[PDB]
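Line by line, the protein sequences are chains D, I, G and e. Going by the entry's author numbering, the residue at position 121 of the first sequence is 121; the numbering climbs one at a time, nothing skipped. Going by the entry's author numbering, the residue at position 135 of the second sequence is 135; the numbering climbs one at a time, nothing skipped. Going from the third sequence to the entry's author numbering is simple: count from 1 and add 1. Going by the entry's author numbering, the residue at position 38 of the fourth sequence is 38; the numbering climbs one at a time, nothing skipped. The C-beta atom is built at its ideal place from N, Cα and C for all residues, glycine as well. Presented below is the structure to which this report refers.
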Amino acid sequence: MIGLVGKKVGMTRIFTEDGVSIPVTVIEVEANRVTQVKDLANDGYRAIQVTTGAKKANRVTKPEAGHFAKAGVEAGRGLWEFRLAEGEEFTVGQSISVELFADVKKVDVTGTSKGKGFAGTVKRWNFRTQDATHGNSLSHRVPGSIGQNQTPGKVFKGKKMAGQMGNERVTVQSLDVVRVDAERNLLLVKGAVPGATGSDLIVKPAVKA
Amino acid sequence: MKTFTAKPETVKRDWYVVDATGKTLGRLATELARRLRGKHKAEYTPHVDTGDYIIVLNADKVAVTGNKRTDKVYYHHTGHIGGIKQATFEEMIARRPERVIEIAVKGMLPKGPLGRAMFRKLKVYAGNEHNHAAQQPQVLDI
Amino acid sequence: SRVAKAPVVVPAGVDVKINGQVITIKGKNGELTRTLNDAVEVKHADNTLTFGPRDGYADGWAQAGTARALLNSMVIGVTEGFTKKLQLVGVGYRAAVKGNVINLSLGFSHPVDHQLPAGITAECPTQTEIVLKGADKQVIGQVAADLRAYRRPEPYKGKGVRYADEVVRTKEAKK
Amino acid sequence: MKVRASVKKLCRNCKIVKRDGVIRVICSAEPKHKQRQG
RNA sequence: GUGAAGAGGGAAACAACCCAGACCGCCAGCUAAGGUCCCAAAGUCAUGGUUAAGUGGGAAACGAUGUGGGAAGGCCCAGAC
RNA sequence: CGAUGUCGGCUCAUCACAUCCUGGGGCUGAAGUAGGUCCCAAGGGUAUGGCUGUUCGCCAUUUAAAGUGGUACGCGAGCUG
RNA sequence: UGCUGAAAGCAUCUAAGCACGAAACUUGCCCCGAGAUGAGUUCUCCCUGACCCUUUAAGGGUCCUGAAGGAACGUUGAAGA
Ligand SMILES: [Mg+2]
Ligand SMILES: [Mg+2]
Ligand SMILES: [Mg+2]
Ligand SMILES: [Mg+2]
Ligand SMILES: [Mg+2]
Ligand SMILES: [Mg+2]
Ligand SMILES: [Mg+2]
Ligand SMILES: [Mg+2]
Ligand SMILES: [Mg+2]
Ligand SMILES: [Mg+2]
Ligand SMILES: [Mg+2]
Ligand SMILES: [Mg+2]
Ligand SMILES: [Mg+2]
Ligand SMILES: [Mg+2]
Ligand SMILES: [Mg+2]
Ligand SMILES: [Mg+2]
Ligand SMILES: [Mg+2]
Ligand SMILES: [Mg+2]
Ligand SMILES: [Mg+2]
Ligand SMILES: [Mg+2]
Ligand SMILES: [Mg+2]
Ligand SMILES: [Mg+2]
Ligand SMILES: [Mg+2]
Ligand SMILES: [Mg+2]
Ligand SMILES: [Mg+2]
Ligand SMILES: [Mg+2]
Ligand SMILES: [Mg+2]
Ligand SMILES: [Mg+2]
Ligand SMILES: [Mg+2]
Ligand SMILES: [Mg+2]
Ligand SMILES: [Mg+2]
Ligand SMILES: [Zn+2]
């Protein structure tokens with residue numbers, strides 16, 4: 001089954017009658033509108049290409065606006081693409097609402113994580129700091145040793161070192177969907193999804209069930 | 001005088017279609033590498049690619065002798081430290097059957113830029129068909 | 002060899018179709034089909050099938066004798082059928098039949114259901130007894146081995162699924 | 001299963017069979033007699 | 001005996017091993033060890049066998065109805081196994 | 001020997017399998033539970049403290065288990081001393 | 001672990017044929033990923049002028065033209081050395 005493209009509005013809590021506070025992540029899901037249907041005869045696979053949101057008319061380019069004009073649909077802020085299962089099809093100018101998740105129970109939310117910048121191995125790879133006293137010379141947060149002596153004159157591939165942390169695609173699996181509010185285009189999932197506030201989210205039904 | 005050398009502009013190359021059904025792998029591959037090298041031509045020159053383009057079809061129906069179908073092992077290494085990998089013959093046939101012919105010929109070709117240019121002329125296909133009817137290829141029986 | 006030299010006489014009501022190395026034998030209990038080894042030369046002498054080593058092959062008489070005892074069993078399967086009996090030893094152990102799904106109750110926490118293959122028909126006279134009939138000998142023996150495999154018989158009390166004819170060598174728990 | 005370099009018949013009911021390149025002793029009488037050359 | 005103080009060809013590479021002792025030049029021929037499917041020069045040569053283990057292409061005591069060949073023996077159409 | 005920093009700890013590790021746990025089996029002098037032994041299996045996992053410079057070891061209390069080794073007895077142009 | 005089954009009139013899981021079988025293996029889950037030079041696919045957008053040259057060819061030059069788009073600059077960011 002396909003997913004929908006939303007946006008992280010923020011987090012809040014749903015007080016049940018029983019006295020339980022459910023930490024939820026509000027995901028507004030506007031009308032995803034299809035722009036292209038891909039198939040086996042032309043594209044080798046079955047998928048749809050959707051768009052959501054709006055865009056400035058002076059900023060949407062002539063190739064992109066011609067691509068939306070062929071589908072006959074308003075330009076959105078992006079283009080995403082969802083693989084189709086069998087027995088599942090959609091038309092081109094079709095709009096897809098959040099009622100698709102009306103009877104799902106768990107979703108997988110894919111987002112782009114927050115940018116931690118250039119991070120050290122303590123933060124990134126959870127390395128232990130060395131001793132803050134007892135003689136330590138300028139070596140409190142360094143990674144320590146990185147190899148062995150002459151046997152493989154070389155550091156191995158994938159050695160855990162410092163570098164860019166975050167700002168990348170991650171997927172949180174098996175999030176309990178709490179509420180599907182079709183009237184104001186919302187989706188409340190239990191827990192914390194990746195991404196900052198106002199960033200794009202991809203909500204798909206859970207594959208692991 | 002001086003010994004003739006072939007020239008890459010004046011050299012002519014031809015197209016051949018080989019059906020690989022039932023043929024032995026290495027005994028096919030050394031004739032393929034002979035005709036990609038150009039050692040069947042009197043204008044052979046070691047530093048010049050004078051061989052012919054060869055299309056090999058029915059690559060999944062190539063035959064090996066013995067128990068090599070279940071016992072021949074294709075090792076490779078991913079670069080990473082545990083990264084030794086391993087696939088048998090019938091696993092390579094199920095997964096990507098073109099690699100078996102490609103590996104045997106690449107092992108029988110010269111090593112270098114010219115041997116890689118000779119390998120670029122080998123065009124293998126698992127099926128019984130090809131998109132290269134435009135080059136009017138002749139059949140070759142090996 | 003000594004098995005392969007003795008020809009197999011096809012009876013009446015047994016239809017034989019020769020096709021290369023493939024032999025289809027029909028009858029009043031079903032049809033059976035088997036491709037022989039290429040080392041085997043088979044021919045029908047109007048009342049018997051004969052089985053000879055085709056030349057240029059190492060296991061000549063070995064493959065011929067295997068193809069002999071096979072088509073003998075295929076003939077008996079298509080004119081009489083085979084019947085394998087199983088019995089259940091143990092308290093609370095039982096069996097029930099639903100068409101081609103034996104519903105075993107072998108002292109587990111879950112019900113045991115076994116789907117029967119195509120040409121195999123089963124029947125429980127008693128709850129602690131299974132009688133299965135069919136054409137192919139390899140299939141009735143495989144199904145009986147599979148049904149035995151759920152409760153292989155314990156050597157201390159003989160408890161579990163056994164063949165109705167096998168002997169169960171017991172053992173006393175010493176101290 | 002005894003696994004040895006030297007496998008032998010231990011009783012009258014032992015039978016030496018070569019299954020898949022491995023010498024194996026099987027005994028219908030005693031299950032202790034079943035062996036496997038390795 | 002070679003190296004040291006000796007190059008060349010082969011043994012993958014490999015001072016001391018195998019063949020063989022470099023005056024110079026040649027886009028000439030024959031050969032040595034070693035080789036002749038391709039990398040990589042030359043037999044997918046011929047005839048007759050053996051092996052099924054990739055043995056070849058690493059190893060012992062010991063173990064085994066693997067298989068090929070040879071010579072002999074004791075039961076046996078009074079009927080063997 | 002016109003210099004290859006040699007114990008132990010710390011920090012990063014990585015490979016082998018002669019497997020400690022977990023997984024699959026065979027035999028048991030295997031009633032069950034719990035075990036003994038051998039075979040397959042290296043995917044992941046695999047204590048904290050007292051003493052002592054210690055590795056080790058003993059001891060205390062845990063844990064499914066507290067593996068055996070290689071790596072310049074891994075790692076001082078990474079720390080300590 | 002078996003089934004059928006000879007070789008070896010029996011027997012036999014194997015030689016022909018068939019079935020089951022583990023945290024290992026390949027998948028399934030997540031991420032990068034066409035510099036995958038074997039450089040792939042789909043969709044959309046843009047440009048539809050005149051002439052000279054000699055060594056005439058994937059040739060060189062003049063004038064007109066300057067598209068889609070991009071870059072630069074600026075305001076900046078839960079992006080960032
Ligand atoms: Mg940031
Ligand atoms: Mg610390
Ligand atoms: Mg200092
Ligand atoms: Mg400090
Ligand atoms: Mg190196
Ligand atoms: Mg070379
Ligand atoms: Mg010399
Ligand atoms: Mg040399
Ligand atoms: Mg020499
Ligand atoms: Mg050598
Ligand atoms: Mg000569
Ligand atoms: Mg010679
Ligand atoms: Mg040659
Ligand atoms: Mg020194
Ligand atoms: Mg020095
Ligand atoms: Mg055990
Ligand atoms: Mg082992
Ligand atoms: Mg481990
Ligand atoms: Mg795995
Ligand atoms: Mg301690
Ligand atoms: Mg104290
Ligand atoms: Mg190591
Ligand atoms: Mg050591
Ligand atoms: Mg050390
Ligand atoms: Mg160092
Ligand atoms: Mg140190
Ligand atoms: Mg250094
Ligand atoms: Mg059998
Ligand atoms: Mg039999
Ligand atoms: Mg299976
Ligand atoms: Mg687990
Ligand atoms: Zn025995």
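Determine the chain D residues that contact residue 80 of chain I at a beta-carbon separation under 8 Å, and present them in chain order.
-> As a working note, residue 80 of chain I is residue 80 in the second sequence. Near residue 80 of chain I (Cβ distances below 8 Å), the residues of chain D are 156, 157 and 158.
Write down the C-beta distance between residue 129 of chain G and residue 152 of chain G rounded to the nearest angstrom, noting that I regard them as a contact closer than 8 Å.
-> Looking up residue 129 of chain G in the third sequence gives position 128. Looking up residue 152 of chain G in the third sequence gives position 151. Contact flag wrong, Cβ pair sits at about 12 Å.
Quick one: is residue 67 of chain I buried, meaning 16 or more other Cβ sit within 10 Å of its Cβ, or exposed?
-> Taking the first residue of the second sequence as 1, we reach residue 67 of chain I at position 67. So residue 67 of chain I ends up on the exposed side.
Beta-bridge pairing of residue 39 of chain e - partner residues as DSSP gives them = As displayed, chain e neither begins before 1 nor continues past 38, which places residue 39 of chain e out of reach and without an answer.
Quick one: is residue 32 of chain D buried, meaning 16 or more other Cβ sit within 10 Å of its Cβ, or exposed?
-> Within the first sequence, residue 32 of chain D is the residue found at index 32, counting from 1. The residue is buried, with at least 16 neighbouring Cβ atoms inside 10 Å.
For residue 79 of chain G, name the three-state secondary structure that DSSP assigns.
-> Sequence index remark: in the third sequence, residue 79 of chain G carries index 78 (1-based). Correct three-state label for residue 79 of chain G: helix.
Is the CB of residue 83 of chain I under 9 Å away from at least one CB in chain D?
-> For the purposes of this step, residue 83 of chain I is taken as residue 83 along the second sequence, with counting starting at 1. Yes, residue 83 of chain I counts as interfacial toward chain D.
Inspect the CB distances between the segment 4-21 of chain G and the segment 72-90 of chain I and report whether three or more fall short of 8 Å.
-> no
For residue 72 of chain I, the nearest candidate out of I/61, I/60, I/87 and I/62 (CA to CA) | By one-based count along the second sequence, residue 72 of chain I stands at place 72. Of the listed residues, the one whose Cα sits closest to residue 72 of chain I is I/87.
Taking residue 118 of chain D as the reference, which of D/101, D/73, D/167 and D/107 has the closest Cα?
-> Your numbering for residue 118 of chain D matches position 118 in the first sequence. Comparing alpha-carbon positions, the option among D/101, D/73, D/167 and D/107 lying closest to residue 118 of chain D turns out to be D/167.
Which whole-angstrom value describes the C-beta separation of residue 55 of chain G and residue 76 of chain G, a residue pair presumed to lie in contact below a C-beta threshold of 8 Å?
-> In the third sequence, residue 55 of chain G corresponds to position 54, counting from 1. In the third sequence, residue 76 of chain G corresponds to position 75, counting from 1. Residue 55 of chain G to residue 76 of chain G, Cβ: 22 Å. No contact.
Report yes if the C-beta distance between residue 84 of chain D and residue 49 of chain D is below 9 Å; otherwise report no.
-> Residue mapping note: residue 84 of chain D aligns to position 84 of the first sequence, counting from 1. Residue mapping note: residue 49 of chain D aligns to position 49 of the first sequence, counting from 1. Not a contact, by the Cβ cut-off of 9 Å.
Under 9 Å, do residue 41 of chain D and residue 106 of chain D count as touching if we go by C-beta distance?
-> As a first step, residue 41 of chain D is located in the first sequence; it is residue number 41 there, counting from the start. As a first step, residue 106 of chain D is located in the first sequence; it is residue number 106 there, counting from the start. Not in contact: residue 41 of chain D and residue 106 of chain D (Cβ atoms no closer than 9 Å).
Within 9 Å, strictly: CB atoms of residue 29 of chain I and residue 93 of chain I = As a working note, residue 29 of chain I is residue 29 in the second sequence. As a working note, residue 93 of chain I is residue 93 in the second sequence. Not a contact, by the Cβ cut-off of 9 Å.
Own chain partners of residue 53 of chain D with C-beta closer than 7 Å, once the 5 adjacent residues on each side are dropped | As a working note, residue 53 of chain D is residue 53 in the first sequence. So the qualifying residues of the chain are 30, 76 and 77.
Following the continuous beta strand (DSSP E) through residue 156 of chain D, name the residue where it begins and the one where it ends.
-> Sequence index remark: in the first sequence, residue 156 of chain D carries index 156 (1-based). Neither: residue 156 of chain D is in no beta strand (DSSP E) and is coded neither H nor E.
Near residue 45 of chain I, which residues of its chain fall below 6 Å by C-beta distance, leaving aside the five closest residues on each side in sequence?
-> Counted from its first residue, the second sequence places residue 45 of chain I at position 45. Once the five neighbours on either side are set aside, the close Cβ partners of residue 45 of chain I are 5 and 6.
Own chain residues within Cβ distance below 6 Å of residue 24 of chain e, not counting five before or after = The sequence position of residue 24 of chain e within the fourth sequence is 24, counting from 1. 17 and 36, listed in sequence order.
Consider the C-beta atom of residue 106 of chain I and the heavy atoms of ligand 6; say whether any pair is separated by less than 8 Å.
-> Numbered from 1 along the second sequence, position 106 holds the residue referred to as residue 106 of chain I. No, the Cβ of residue 106 of chain I stays beyond 8 Å of every heavy atom of ligand 6.
Within 8 Å: the Cβ of residue 116 of chain D and any heavy atom of ligand 6?
-> As a position in the first sequence, residue 116 of chain D is number 116, starting the count at 1. Result no, Cβ not under 8 Å from ligand 6.
Using a threshold of 8 Å, is the CB atom of residue 32 of chain D nearer than that to any non-hydrogen atom of ligand 1?
-> Taking the first residue of the first sequence as 1, we reach residue 32 of chain D at position 32. Set against 8 Å, the gap from the CB of residue 32 of chain D to the closest heavy atom of ligand 1 is not smaller.
Unbroken beta strand (DSSP E) run spanning residue 6 of chain D, endpoints | Here residue 6 of chain D corresponds to residue number 6 of the first sequence, with the count starting at 1. Taken as a continuous stretch (DSSP letters only), the beta strand (DSSP E) holding residue 6 of chain D covers 4-15.
At what residues does the alpha helix (DSSP H) containing residue 139 of chain G begin and finish?
-> Here the question's residue 139 of chain G lines up with position 138 in the third sequence. Note, residue 139 of chain G: alpha helix (DSSP H), 138-149.
So residue 125 of chain G packs on residue 98 of chain G, CB below 8 Å; how close in whole Å?
-> Here residue 125 of chain G refers to the residue found at position 124 when the third sequence is read from its first residue. Here residue 98 of chain G refers to the residue found at position 97 when the third sequence is read from its first residue. The C-beta separation of residue 125 of chain G from residue 98 of chain G comes to about 5 Å, placing the pair in contact by the 8 Å criterion.
Who are the near neighbours of residue 68 of chain G in its chain, counting only those whose CB is closer than 6 Å to its CB and skipping five residues on each side?
-> By one-based count along the third sequence, residue 68 of chain G stands at place 67. Excluding residues within five positions, the ones whose Cβ falls inside 6 Å are 37, 41 and 52.
Ordered list of alpha helix (DSSP H) runs contained in the segment 4-66 of chain I, each at least 4 residues | Listed in chain order, the complete alpha helix (DSSP H) runs (minimum 4 residues) inside the segment 4-66 of chain I are 25-37.
Can residue 131 of chain D be considered in contact with ligand 2, in the sense that its beta carbon sits closer than 8 Å to one or more heavy atoms?
-> Taking the first residue of the first sequence as 1, we reach residue 131 of chain D at position 131. Result yes, Cβ under 8 Å from ligand 2.
Kindly confirm or deny that the segment 175-193 of chain D and the segment 18-25 of chain I touch, where touching means at least three C-beta pairs closer than 8 Å.
-> At 8 Å Cβ cutoff, the stretches do not touch.
Given a cut-off of 9 Å, decide if residue 80 of chain G and residue 28 of chain G are closer than it, judged by their beta-carbon atoms.
-> Reading the third sequence from its first residue, position 27 is the one you call residue 28 of chain G. Reading the third sequence from its first residue, position 79 is the one you call residue 80 of chain G. In this structure, residue 28 of chain G lies near residue 80 of chain G, with their beta-carbon atoms less than 9 Å apart.
For the putative contact between residue 55 of chain D and residue 198 of chain D, defined by C-beta atoms under 8 Å, what is the C-beta separation to the nearest angstrom?
-> In the first sequence, the residue the question calls residue 55 of chain D occupies position 55. In the first sequence, the residue the question calls residue 198 of chain D occupies position 198. Rounded, the Cβ-Cβ distance is 16 Å, inconsistent with contact.
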